[PDB]
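One file, model05.csv, is given below (CSV, C-alpha atoms).
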```
chain,number,residue,atom,x,y,z
A,1,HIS,CA,138.9,60.4,143.1
A,2,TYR,CA,140.4,57.4,141.2
A,3,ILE,CA,139.6,56.4,137.6
A,4,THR,CA,139.9,53.1,135.7
A,5,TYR,CA,142.2,52.8,132.7
A,6,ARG,CA,142.6,49.8,130.3
A,7,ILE,CA,143.1,48.9,126.7
A,8,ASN,CA,140.8,46.2,125.3
A,9,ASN,CA,142.1,44.1,122.3
A,10,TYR,CA,145.9,43.6,122.6
A,11,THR,CA,147.4,44.3,119.2
A,12,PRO,CA,149.3,41.0,118.4
A,13,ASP,CA,152.6,42.6,117.2
A,14,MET,CA,155.2,42.5,120.0
A,15,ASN,CA,155.5,41.2,123.6
A,16,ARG,CA,152.4,41.9,125.7
A,17,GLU,CA,154.5,43.4,128.4
A,18,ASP,CA,156.5,45.3,125.8
A,19,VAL,CA,153.5,46.9,124.0
A,20,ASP,CA,151.7,47.2,127.3
A,21,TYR,CA,154.1,50.0,128.4
A,22,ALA,CA,153.9,51.6,125.0
A,23,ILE,CA,150.2,51.8,124.6
A,24,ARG,CA,150.0,53.0,128.2
A,25,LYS,CA,152.0,56.1,127.2
A,26,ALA,CA,149.1,57.2,125.0
A,27,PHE,CA,146.7,57.1,127.9
A,28,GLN,CA,149.4,58.6,130.1
A,29,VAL,CA,149.9,61.8,128.2
A,30,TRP,CA,146.1,62.2,128.2
A,31,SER,CA,145.8,61.3,131.8
A,32,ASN,CA,148.5,63.6,133.2
A,33,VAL,CA,146.7,66.4,131.2
A,34,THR,CA,143.3,65.5,132.8
A,35,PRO,CA,141.7,65.2,136.2
A,36,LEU,CA,141.9,61.5,136.5
A,37,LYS,CA,144.2,58.5,137.2
A,38,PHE,CA,145.1,55.0,135.8
A,39,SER,CA,145.1,52.0,138.0
A,40,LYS,CA,145.1,48.2,137.5
A,41,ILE,CA,141.4,47.2,137.1
A,42,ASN,CA,139.8,44.0,135.8
A,43,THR,CA,138.1,43.9,132.4
A,44,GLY,CA,134.6,45.1,133.1
A,45,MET,CA,134.2,48.4,131.3
A,46,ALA,CA,134.6,51.6,133.2
A,47,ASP,CA,135.1,55.3,132.1
A,48,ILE,CA,136.9,54.3,128.9
A,49,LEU,CA,135.9,51.5,126.6
A,50,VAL,CA,138.2,50.4,123.8
A,51,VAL,CA,135.9,49.6,120.9
A,52,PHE,CA,137.0,48.2,117.5
A,53,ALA,CA,135.2,47.5,114.2
A,54,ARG,CA,136.8,45.7,111.3
A,55,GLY,CA,136.2,42.9,108.8
A,56,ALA,CA,132.6,42.0,109.5
A,57,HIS,CA,130.1,44.9,110.3
A,58,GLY,CA,130.7,45.3,114.0
A,59,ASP,CA,127.3,45.2,115.8
A,60,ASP,CA,125.4,46.6,112.7
A,61,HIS,CA,126.1,47.3,109.1
A,62,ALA,CA,128.6,50.1,108.8
A,63,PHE,CA,132.2,48.8,108.2
A,64,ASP,CA,134.8,51.0,109.8
A,65,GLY,CA,137.8,49.4,108.1
A,66,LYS,CA,138.3,51.8,105.3
A,67,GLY,CA,134.7,53.0,104.6
A,68,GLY,CA,133.7,55.8,107.0
A,69,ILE,CA,136.1,58.2,108.7
A,70,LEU,CA,139.8,58.4,109.5
A,71,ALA,CA,139.5,58.7,113.3
A,72,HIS,CA,136.5,58.2,115.6
A,73,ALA,CA,134.3,61.1,116.3
A,74,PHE,CA,132.4,62.5,119.3
A,75,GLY,CA,134.1,63.3,122.6
A,76,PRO,CA,133.8,62.5,126.3
A,77,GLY,CA,130.0,62.8,127.0
A,78,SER,CA,126.8,61.5,125.5
A,79,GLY,CA,128.6,59.6,122.7
A,80,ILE,CA,130.1,57.0,125.1
A,81,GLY,CA,132.9,57.8,127.6
A,82,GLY,CA,135.6,57.5,125.0
A,83,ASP,CA,136.2,54.7,122.5
A,84,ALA,CA,139.2,54.9,120.2
A,85,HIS,CA,139.4,52.3,117.4
A,86,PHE,CA,142.9,51.6,116.0
A,87,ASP,CA,144.0,49.8,112.9
A,88,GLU,CA,141.3,50.2,110.3
A,89,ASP,CA,142.5,52.3,107.3
A,90,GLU,CA,146.2,52.9,108.3
A,91,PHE,CA,147.6,49.8,109.9
A,92,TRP,CA,150.8,49.7,112.0
A,93,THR,CA,153.5,50.8,109.6
A,94,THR,CA,156.8,52.5,109.7
A,95,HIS,CA,157.2,55.6,112.0
A,96,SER,CA,157.3,57.6,108.8
A,97,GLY,CA,154.3,56.0,107.1
A,98,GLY,CA,150.6,55.4,107.7
A,99,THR,CA,150.4,54.7,111.5
A,100,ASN,CA,153.3,56.1,113.4
A,101,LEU,CA,153.5,53.2,115.8
A,102,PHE,CA,151.4,53.2,119.0
A,103,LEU,CA,152.3,56.9,119.2
A,104,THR,CA,149.4,57.7,116.9
A,105,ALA,CA,147.2,56.4,119.8
A,106,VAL,CA,147.9,59.7,121.6
A,107,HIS,CA,146.2,61.9,119.0
A,108,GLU,CA,143.9,59.2,117.8
A,109,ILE,CA,142.3,58.6,121.2
A,110,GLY,CA,142.3,62.3,121.5
A,111,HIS,CA,139.0,62.3,119.6
A,112,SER,CA,137.2,59.8,121.8
A,113,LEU,CA,138.9,60.6,125.1
A,114,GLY,CA,138.7,64.3,124.7
A,115,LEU,CA,138.0,66.7,121.8
A,116,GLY,CA,140.7,69.4,121.9
A,117,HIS,CA,140.6,70.2,118.2
A,118,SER,CA,142.2,73.6,118.2
A,119,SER,CA,143.4,73.2,114.6
A,120,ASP,CA,146.5,75.2,115.3
A,121,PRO,CA,149.2,75.1,112.5
A,122,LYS,CA,152.9,74.6,113.1
A,123,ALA,CA,152.1,71.9,115.7
A,124,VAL,CA,150.2,68.7,116.5
A,125,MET,CA,147.2,70.9,117.4
A,126,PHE,CA,146.0,70.2,113.9
A,127,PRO,CA,143.2,67.7,113.3
A,128,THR,CA,145.6,65.5,111.3
A,129,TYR,CA,148.1,63.1,112.9
A,130,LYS,CA,151.5,64.8,113.4
A,131,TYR,CA,154.6,62.5,113.3
A,132,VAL,CA,156.7,62.4,116.5
A,133,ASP,CA,159.7,60.4,117.5
A,134,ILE,CA,158.9,58.1,120.4
A,135,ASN,CA,162.1,59.4,122.0
A,136,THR,CA,161.0,63.1,121.9
A,137,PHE,CA,157.4,62.0,122.6
A,138,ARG,CA,155.6,64.9,124.3
A,139,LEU,CA,152.6,67.2,124.1
A,140,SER,CA,152.7,71.0,123.8
A,141,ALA,CA,150.6,73.6,125.5
A,142,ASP,CA,146.9,74.1,124.7
A,143,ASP,CA,146.4,70.4,124.1
A,144,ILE,CA,147.2,69.9,127.8
A,145,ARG,CA,144.0,71.8,128.6
A,146,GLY,CA,142.1,70.8,125.5
A,147,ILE,CA,141.3,67.6,127.4
A,148,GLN,CA,141.6,68.6,131.0
A,149,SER,CA,138.1,68.9,132.4
A,150,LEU,CA,136.2,68.1,129.2
A,151,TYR,CA,132.4,68.0,129.5
A,152,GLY,CA,132.5,68.3,133.3
```
Spell out the structure here as structure tokens.
Amino acid sequence: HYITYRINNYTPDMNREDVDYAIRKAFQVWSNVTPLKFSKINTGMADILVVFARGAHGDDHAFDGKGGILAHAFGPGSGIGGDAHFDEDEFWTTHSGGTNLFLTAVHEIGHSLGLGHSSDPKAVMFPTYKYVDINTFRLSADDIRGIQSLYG
């Protein structure tokens, strides 16, 4: 049972190979905590679809870039497999600012990929993005199962 994993739209910030390994971490933490796998697959949409909406009303009138909601809603099932849009009302800023580097992708995508809300204080379980040094990057209990076998 193998699953496809990819990240559409490469954020033009650093080296493709450099960021590639970084952005991969986000999907990794969510992968190792879920019954699936990530392999090299061509761009043809499968399981996860990285969707974005900025500037011009993507698809239809709506505007996601600062004019809707912080992070995407809906989880794995019905509302698309799992689309996580980044850079809309936060932008890539200092680790101690709006968007805490690609790290935010972990929690961000958590909404689309899974839906382990929990809302537990004194941890990242909360619905809000919790800062975390890339060095000490890691997920605590609960969240590990909050996505494992979601809508299956």
- Item | Exercise: residue A:36 partners within 12 Å, only C-alpha atoms, chain neighbours under 5 positions left out, as a PyMOL selection string | chain A and resi 1-5+27-31+47-48+113+147-150
- Query: Excluding same-chain residues fewer than 2 positions from residue A:138, what lies within 12 Å of it counting all atoms listed in the file, as a VMD selection string?
  - Reply: chain A and resid 25 to 26 28 to 30 32 to 33 103 106 to 107 123 to 124 130 to 136 140 to 141 143 to 144
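Considering the residues A:14, A:72, A:77, A:89 and counting all atoms listed in the file, residue A:55 has its shortest atom-to-atom contact with A:89.
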- Item | One-decimal distance in Å that lies between atom CA of residue A:83 and atom CA of residue A:112 |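 Distance reported for this atom pair: 5.2 Å.
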- Of the residues A:85, A:151, A:56, A:102, which is the one nearest to residue A:69, using all atoms listed in the file?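 Closest residue, counting all atoms listed in the file: A:85.
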Write a file for stretch 87-131 of chain A, containing N, CA and C atoms (output as a tab-separated table (two decimals), in the first residue's frame).
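File part21.tsv, as written:
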```tsv
chain	number	residue	atom	x	y	z
A	87	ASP	N	1.07	30.95	2.39
A	87	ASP	CA	1.33	32.32	1.96
A	87	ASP	C	0.05	32.97	1.43
A	88	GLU	N	-0.67	33.64	2.31
A	88	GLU	CA	-1.91	34.31	1.94
A	88	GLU	C	-2.18	35.51	2.83
A	89	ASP	N	-2.02	35.32	4.14
A	89	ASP	CA	-2.24	36.39	5.10
A	89	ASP	C	-1.19	36.35	6.21
A	90	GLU	N	-0.05	35.76	5.91
A	90	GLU	CA	1.04	35.65	6.88
A	90	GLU	C	2.39	35.88	6.21
A	91	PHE	N	2.60	35.25	5.06
A	91	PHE	CA	3.85	35.38	4.32
A	91	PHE	C	5.01	34.80	5.12
A	92	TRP	N	6.04	34.35	4.41
A	92	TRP	CA	7.21	33.77	5.05
A	92	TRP	C	8.04	34.84	5.75
A	93	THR	N	7.93	34.90	7.07
A	93	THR	CA	8.66	35.88	7.86
A	93	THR	C	9.59	35.20	8.86
A	94	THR	N	10.19	35.99	9.74
A	94	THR	CA	11.10	35.47	10.75
A	94	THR	C	10.47	34.32	11.52
A	95	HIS	N	11.31	33.43	12.04
A	95	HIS	CA	10.82	32.28	12.81
A	95	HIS	C	9.97	32.74	13.98
A	96	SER	N	10.20	33.97	14.44
A	96	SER	CA	9.45	34.52	15.56
A	96	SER	C	8.47	35.59	15.09
A	97	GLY	N	7.86	35.36	13.93
A	97	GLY	CA	6.91	36.32	13.39
A	97	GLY	C	5.68	35.65	12.82
A	98	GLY	N	5.15	36.20	11.73
A	98	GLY	CA	3.96	35.64	11.11
A	98	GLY	C	4.10	34.16	10.83
A	99	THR	N	4.72	33.83	9.70
A	99	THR	CA	4.92	32.44	9.31
A	99	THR	C	6.28	31.93	9.77
A	100	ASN	N	6.27	30.97	10.69
A	100	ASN	CA	7.50	30.40	11.21
A	100	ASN	C	8.13	29.45	10.20
A	101	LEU	N	8.70	30.02	9.14
A	101	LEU	CA	9.34	29.23	8.09
A	101	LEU	C	8.40	28.14	7.59
A	102	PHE	N	8.94	27.21	6.81
A	102	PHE	CA	8.15	26.11	6.26
A	102	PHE	C	7.58	25.25	7.38
A	103	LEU	N	8.14	25.38	8.57
A	103	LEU	CA	7.69	24.61	9.72
A	103	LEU	C	6.18	24.74	9.90
A	104	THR	N	5.66	25.95	9.69
A	104	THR	CA	4.23	26.20	9.82
A	104	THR	C	3.42	25.24	8.97
A	105	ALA	N	4.02	24.75	7.89
A	105	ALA	CA	3.35	23.82	7.00
A	105	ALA	C	2.83	22.60	7.76
A	106	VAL	N	3.60	22.15	8.74
A	106	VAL	CA	3.22	21.00	9.55
A	106	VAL	C	1.81	21.16	10.10
A	107	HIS	N	1.61	22.22	10.89
A	107	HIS	CA	0.31	22.49	11.48
A	107	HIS	C	-0.69	22.95	10.43
A	108	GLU	N	-0.24	23.84	9.54
A	108	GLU	CA	-1.09	24.36	8.48
A	108	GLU	C	-1.76	23.23	7.71
A	109	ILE	N	-0.94	22.39	7.08
A	109	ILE	CA	-1.45	21.26	6.31
A	109	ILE	C	-2.28	20.32	7.18
A	110	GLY	N	-2.06	20.41	8.49
A	110	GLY	CA	-2.80	19.56	9.42
A	110	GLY	C	-4.30	19.68	9.25
A	111	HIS	N	-4.75	20.84	8.78
A	111	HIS	CA	-6.17	21.09	8.58
A	111	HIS	C	-6.68	20.33	7.35
A	112	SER	N	-5.95	20.44	6.25
A	112	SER	CA	-6.33	19.77	5.01
A	112	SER	C	-6.05	18.28	5.09
A	113	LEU	N	-4.78	17.94	5.28
A	113	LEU	CA	-4.37	16.54	5.38
A	113	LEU	C	-5.23	15.78	6.38
A	114	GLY	N	-5.24	16.25	7.62
A	114	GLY	CA	-6.04	15.61	8.65
A	114	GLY	C	-7.06	16.55	9.26
A	115	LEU	N	-7.24	16.45	10.58
A	115	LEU	CA	-8.19	17.30	11.28
A	115	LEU	C	-8.13	17.06	12.79
A	116	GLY	N	-6.93	16.75	13.28
A	116	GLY	CA	-6.75	16.50	14.70
A	116	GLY	C	-6.75	17.78	15.51
A	117	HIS	N	-7.91	18.43	15.59
A	117	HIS	CA	-8.04	19.67	16.34
A	117	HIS	C	-7.50	19.51	17.76
A	118	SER	N	-8.23	18.76	18.58
A	118	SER	CA	-7.83	18.52	19.97
A	118	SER	C	-8.06	19.77	20.81
A	119	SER	N	-7.37	20.85	20.46
A	119	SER	CA	-7.49	22.11	21.20
A	119	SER	C	-6.98	21.96	22.63
A	120	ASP	N	-5.83	21.31	22.77
A	120	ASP	CA	-5.23	21.10	24.08
A	120	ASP	C	-4.18	22.17	24.38
A	121	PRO	N	-4.36	22.87	25.51
A	121	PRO	CA	-3.44	23.93	25.93
A	121	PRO	C	-2.08	23.39	26.37
A	122	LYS	N	-1.11	24.28	26.50
A	122	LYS	CA	0.24	23.88	26.91
A	122	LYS	C	0.87	22.95	25.88
A	123	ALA	N	0.58	23.20	24.61
A	123	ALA	CA	1.12	22.38	23.53
A	123	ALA	C	0.66	22.90	22.17
A	124	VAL	N	1.11	22.23	21.11
A	124	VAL	CA	0.75	22.62	19.76
A	124	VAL	C	-0.65	22.12	19.40
A	125	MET	N	-1.20	21.26	20.24
A	125	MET	CA	-2.54	20.71	20.02
A	125	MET	C	-3.53	21.82	19.69
A	126	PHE	N	-3.30	23.00	20.25
A	126	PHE	CA	-4.17	24.15	20.03
A	126	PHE	C	-4.41	24.36	18.53
A	127	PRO	N	-5.54	25.01	18.20
A	127	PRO	CA	-5.91	25.29	16.81
A	127	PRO	C	-5.00	26.33	16.17
A	128	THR	N	-4.33	27.12	17.00
A	128	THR	CA	-3.43	28.16	16.51
A	128	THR	C	-2.03	27.61	16.29
A	129	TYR	N	-1.28	28.26	15.40
A	129	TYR	CA	0.08	27.83	15.09
A	129	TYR	C	1.01	28.05	16.28
A	130	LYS	N	1.71	26.99	16.68
A	130	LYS	CA	2.63	27.07	17.80
A	130	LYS	C	4.08	27.06	17.32
A	131	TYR	N	4.81	28.13	17.64
A	131	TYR	CA	6.21	28.25	17.24
A	131	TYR	C	7.00	27.01	17.64
```
